[PDB]
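> Following this line is upload_11.cif, made up of mmCIF, N, CA and C atoms and all ligand atoms:
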```
data_my_file
loop_
_atom_site.label_atom_id
_atom_site.label_comp_id
_atom_site.auth_asym_id
_atom_site.auth_seq_id
_atom_site.Cartn_x
_atom_site.Cartn_y
_atom_site.Cartn_z
N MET A 1 98.41 121.59 79.81
CA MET A 1 97.72 120.33 80.00
C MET A 1 97.73 119.60 78.66
N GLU A 2 98.10 118.32 78.65
CA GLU A 2 98.14 117.59 77.40
C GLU A 2 97.94 116.10 77.66
N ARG A 3 97.66 115.35 76.60
CA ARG A 3 97.45 113.93 76.76
C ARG A 3 98.69 113.18 77.25
N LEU A 4 98.51 112.27 78.20
CA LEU A 4 99.62 111.47 78.72
C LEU A 4 100.05 110.47 77.63
N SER A 5 101.33 110.16 77.55
CA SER A 5 101.81 109.19 76.57
C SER A 5 102.09 107.88 77.31
N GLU A 6 101.85 106.72 76.70
CA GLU A 6 102.12 105.46 77.37
C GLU A 6 103.59 105.27 77.67
N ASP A 7 104.46 105.96 76.95
CA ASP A 7 105.87 105.78 77.24
C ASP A 7 106.39 106.86 78.15
N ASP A 8 105.52 107.70 78.66
CA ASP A 8 106.07 108.69 79.54
C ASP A 8 106.49 107.90 80.77
N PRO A 9 107.61 108.26 81.38
CA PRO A 9 108.06 107.54 82.55
C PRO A 9 107.02 107.46 83.66
N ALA A 10 106.24 108.53 83.85
CA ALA A 10 105.20 108.55 84.87
C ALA A 10 104.16 107.47 84.58
N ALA A 11 103.85 107.32 83.29
CA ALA A 11 102.87 106.34 82.84
C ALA A 11 103.37 104.93 83.12
N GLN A 12 104.61 104.72 82.75
CA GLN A 12 105.23 103.42 82.94
C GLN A 12 105.25 103.00 84.39
N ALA A 13 105.53 103.95 85.27
CA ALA A 13 105.58 103.67 86.69
C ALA A 13 104.28 103.07 87.22
N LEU A 14 103.17 103.48 86.62
CA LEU A 14 101.86 103.00 87.02
C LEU A 14 101.28 101.99 86.03
N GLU A 15 102.11 101.54 85.09
CA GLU A 15 101.68 100.57 84.09
C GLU A 15 100.42 101.00 83.38
N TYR A 16 100.38 102.28 83.09
CA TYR A 16 99.23 102.85 82.43
C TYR A 16 99.07 102.44 80.97
N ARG A 17 97.83 102.23 80.54
CA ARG A 17 97.50 101.89 79.16
C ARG A 17 96.30 102.73 78.74
N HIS A 18 96.27 103.22 77.50
CA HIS A 18 95.13 104.01 77.05
C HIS A 18 93.89 103.13 76.86
N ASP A 19 94.09 101.82 76.64
CA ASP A 19 93.01 100.85 76.43
C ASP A 19 93.19 99.71 77.44
N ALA A 20 92.29 99.68 78.41
CA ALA A 20 92.29 98.69 79.48
C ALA A 20 92.25 97.28 78.96
N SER A 21 91.58 97.12 77.84
CA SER A 21 91.47 95.81 77.26
C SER A 21 92.83 95.21 76.95
N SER A 22 93.88 96.03 76.95
CA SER A 22 95.21 95.53 76.66
C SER A 22 96.06 95.29 77.91
N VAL A 23 95.45 95.46 79.07
CA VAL A 23 96.16 95.27 80.31
C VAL A 23 96.34 93.81 80.68
N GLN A 24 97.54 93.44 81.11
CA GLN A 24 97.84 92.10 81.55
C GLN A 24 98.60 92.32 82.86
N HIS A 25 97.83 92.37 83.96
CA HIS A 25 98.32 92.62 85.31
C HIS A 25 97.46 91.91 86.34
N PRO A 26 98.09 91.30 87.35
CA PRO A 26 97.38 90.56 88.38
C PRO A 26 96.29 91.29 89.12
N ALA A 27 96.45 92.59 89.29
CA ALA A 27 95.44 93.37 90.01
C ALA A 27 94.26 93.80 89.16
N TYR A 28 94.43 93.78 87.84
CA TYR A 28 93.38 94.20 86.95
C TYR A 28 92.17 93.27 86.89
N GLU A 29 90.98 93.85 86.79
CA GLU A 29 89.76 93.08 86.67
C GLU A 29 88.99 93.73 85.55
N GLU A 30 88.43 92.89 84.70
CA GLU A 30 87.69 93.41 83.57
C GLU A 30 86.55 94.31 84.02
N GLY A 31 86.47 95.47 83.39
CA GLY A 31 85.44 96.44 83.71
C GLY A 31 86.04 97.67 84.38
N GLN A 32 87.26 97.57 84.88
CA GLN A 32 87.88 98.72 85.52
C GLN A 32 88.45 99.62 84.43
N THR A 33 88.12 100.91 84.48
CA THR A 33 88.61 101.87 83.51
C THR A 33 88.78 103.21 84.21
N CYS A 34 89.47 104.14 83.54
CA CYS A 34 89.67 105.44 84.12
C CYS A 34 88.29 106.04 84.38
N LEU A 35 87.40 105.83 83.42
CA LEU A 35 86.05 106.34 83.52
C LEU A 35 85.37 106.02 84.84
N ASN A 36 85.58 104.82 85.38
CA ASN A 36 84.95 104.50 86.65
C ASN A 36 85.91 104.55 87.84
N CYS A 37 87.03 105.26 87.66
CA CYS A 37 88.04 105.40 88.69
C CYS A 37 87.83 106.66 89.52
N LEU A 38 87.94 106.53 90.83
CA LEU A 38 87.78 107.67 91.71
C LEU A 38 88.73 108.84 91.40
N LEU A 39 89.95 108.58 90.88
CA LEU A 39 90.93 109.62 90.57
C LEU A 39 90.71 110.39 89.27
N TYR A 40 89.72 109.93 88.50
CA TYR A 40 89.33 110.53 87.23
C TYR A 40 88.30 111.56 87.64
N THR A 41 88.82 112.78 87.74
CA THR A 41 88.05 113.91 88.18
C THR A 41 86.78 114.33 87.51
N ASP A 42 86.72 114.23 86.21
CA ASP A 42 85.51 114.63 85.54
C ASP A 42 84.82 113.38 85.07
N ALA A 43 83.84 112.93 85.85
CA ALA A 43 83.13 111.73 85.53
C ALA A 43 82.41 111.79 84.21
N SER A 44 82.26 112.99 83.71
CA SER A 44 81.55 113.10 82.47
C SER A 44 82.48 113.21 81.28
N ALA A 45 83.79 113.20 81.49
CA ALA A 45 84.68 113.30 80.35
C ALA A 45 84.76 111.91 79.72
N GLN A 46 84.02 111.69 78.64
CA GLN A 46 84.05 110.36 78.06
C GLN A 46 85.16 109.97 77.14
N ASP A 47 86.04 110.91 76.87
CA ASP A 47 87.14 110.63 75.99
C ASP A 47 88.51 110.75 76.64
N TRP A 48 88.88 111.97 77.02
CA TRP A 48 90.15 112.26 77.67
C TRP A 48 89.85 113.17 78.84
N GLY A 49 90.42 112.89 79.99
CA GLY A 49 90.13 113.74 81.12
C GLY A 49 91.26 113.73 82.12
N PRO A 50 91.17 114.64 83.07
CA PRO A 50 92.19 114.74 84.09
C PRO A 50 92.14 113.59 85.09
N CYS A 51 93.30 113.37 85.68
CA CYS A 51 93.50 112.33 86.69
C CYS A 51 94.38 112.89 87.83
N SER A 52 93.94 112.79 89.08
CA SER A 52 94.68 113.32 90.23
C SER A 52 96.11 112.82 90.36
N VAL A 53 96.33 111.59 89.93
CA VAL A 53 97.66 111.05 90.04
C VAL A 53 98.59 111.44 88.90
N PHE A 54 98.08 112.13 87.87
CA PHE A 54 98.89 112.57 86.74
C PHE A 54 98.65 114.05 86.49
N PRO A 55 99.15 114.89 87.38
CA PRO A 55 98.97 116.32 87.24
C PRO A 55 99.44 116.86 85.90
N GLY A 56 98.64 117.75 85.32
CA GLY A 56 98.97 118.37 84.04
C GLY A 56 98.71 117.50 82.82
N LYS A 57 98.10 116.34 83.03
CA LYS A 57 97.84 115.46 81.92
C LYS A 57 96.40 115.02 81.79
N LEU A 58 96.06 114.57 80.58
CA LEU A 58 94.74 114.06 80.27
C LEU A 58 94.94 112.56 80.06
N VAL A 59 94.10 111.72 80.68
CA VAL A 59 94.23 110.28 80.51
C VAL A 59 93.04 109.77 79.71
N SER A 60 93.18 108.60 79.10
CA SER A 60 92.13 107.99 78.32
C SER A 60 90.98 107.47 79.19
N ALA A 61 89.74 107.86 78.89
CA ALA A 61 88.61 107.38 79.69
C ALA A 61 88.52 105.85 79.66
N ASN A 62 89.05 105.26 78.60
CA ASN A 62 89.00 103.81 78.49
C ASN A 62 90.27 103.13 78.97
N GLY A 63 91.17 103.88 79.60
CA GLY A 63 92.43 103.35 80.09
C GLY A 63 92.41 102.72 81.48
N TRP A 64 93.61 102.50 82.02
CA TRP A 64 93.77 101.89 83.33
C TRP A 64 95.21 102.01 83.80
N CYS A 65 95.42 101.98 85.11
CA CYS A 65 96.75 102.04 85.69
C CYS A 65 96.61 101.37 87.04
N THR A 66 97.73 101.04 87.66
CA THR A 66 97.74 100.38 88.96
C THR A 66 97.10 101.15 90.10
N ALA A 67 96.93 102.46 89.92
CA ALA A 67 96.31 103.28 90.94
C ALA A 67 94.79 103.24 90.83
N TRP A 68 94.24 102.41 89.94
CA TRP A 68 92.79 102.34 89.82
C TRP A 68 92.10 102.02 91.14
N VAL A 69 91.04 102.78 91.43
CA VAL A 69 90.26 102.60 92.64
C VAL A 69 88.80 102.95 92.32
N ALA A 70 87.85 102.12 92.75
CA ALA A 70 86.45 102.38 92.47
C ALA A 70 85.93 103.69 92.99
N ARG A 71 85.04 104.25 92.19
CA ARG A 71 84.41 105.50 92.53
C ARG A 71 83.45 105.21 93.69
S1 LIG B 101 94.40 106.56 88.56
FE1 LIG B 101 92.43 105.95 87.76
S2 LIG B 101 91.89 107.59 86.26
FE2 LIG B 101 94.08 107.90 86.75
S3 LIG B 101 95.11 106.76 85.06
FE3 LIG B 101 94.91 105.30 86.77
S4 LIG B 101 92.99 104.24 86.43
FE4 LIG B 101 92.99 106.08 85.08
#
```
For this file, produce the structure as structure tokens.

Amino acid sequence: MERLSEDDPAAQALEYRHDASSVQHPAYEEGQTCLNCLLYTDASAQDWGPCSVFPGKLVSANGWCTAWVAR
């Protein structure tokens, strides 16, 4: 298990960013982050945590990707 990289192809496919504040995408809305995403398994991981859509990786709690969905 290791931190996901923004240039990993899997990351790119979902337009993932470690910092949501840097997202420029039509579906994005300010306030959406991995931290408040249903796929972010450990709601208490405030730094790096697992994500169902990225098996074997840790994503940034302050990040975002196109698969974002409210908890
Ligand atoms: S699916 Fe949710 S928790 Fe996983 S990277 Fe995308 S926004 Fe973050």
> Could you give me, as an NGL selection string, every polymer residue with an atom at most 10 Å away from an atom of ligand LIG 101 (chain B), counting only C-alpha atoms and all ligand atoms?
:A and (4 or 11 or 14-18 or 20 or 32-43 or 48-55 or 57-71)
> From chain A, collect each residue whose DSSP state is alpha helix (DSSP H) and return the set as number ranges by chain.
A: 9-13
> Generate a file of the selected residues that holds N, CA and C atoms, formatted as a PDB file, in the frame of the given file.

```pdb
ATOM      1  N   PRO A   9     107.610 108.260  81.380  1.00  0.00           N
ATOM      2  CA  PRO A   9     108.060 107.540  82.550  1.00  0.00           C
ATOM      3  C   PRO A   9     107.020 107.460  83.660  1.00  0.00           C
ATOM      4  N   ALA A  10     106.240 108.530  83.850  1.00  0.00           N
ATOM      5  CA  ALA A  10     105.200 108.550  84.870  1.00  0.00           C
ATOM      6  C   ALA A  10     104.160 107.470  84.580  1.00  0.00           C
ATOM      7  N   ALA A  11     103.850 107.320  83.290  1.00  0.00           N
ATOM      8  CA  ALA A  11     102.870 106.340  82.840  1.00  0.00           C
ATOM      9  C   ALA A  11     103.370 104.930  83.120  1.00  0.00           C
ATOM     10  N   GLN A  12     104.610 104.720  82.750  1.00  0.00           N
ATOM     11  CA  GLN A  12     105.230 103.420  82.940  1.00  0.00           C
ATOM     12  C   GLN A  12     105.250 103.000  84.390  1.00  0.00           C
ATOM     13  N   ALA A  13     105.530 103.950  85.270  1.00  0.00           N
ATOM     14  CA  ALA A  13     105.580 103.670  86.690  1.00  0.00           C
ATOM     15  C   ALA A  13     104.280 103.070  87.220  1.00  0.00           C
TER      16      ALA A  13
END
```
> Would you compute an axis-aligned box for range 2-12 of chain A, covering every atom listed for it in the file with 6 Å of margin on each side, and report centre and edge lengths in Å to one decimal as AutoDock Vina command-line options?

```
--center_x 102.8 --center_y 110.7 --center_z 80.7 --size_x 22.6 --size_y 27.3 --size_z 20.3
```
> Quick check, in Å to one decimal: how far apart do atom C of residue 3 in chain A and atom N of residue 22 in chain A lie?
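Atom-to-atom, atom C of residue 3 in chain A to atom N of residue 22 in chain A, that is 17.8 Å.
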> Return as a VMD selection string the full set of residues in chain A whose backbone-based DSSP assignment is strand (DSSP E).
chain A and resid 2 to 3 48 to 50 57 to 60
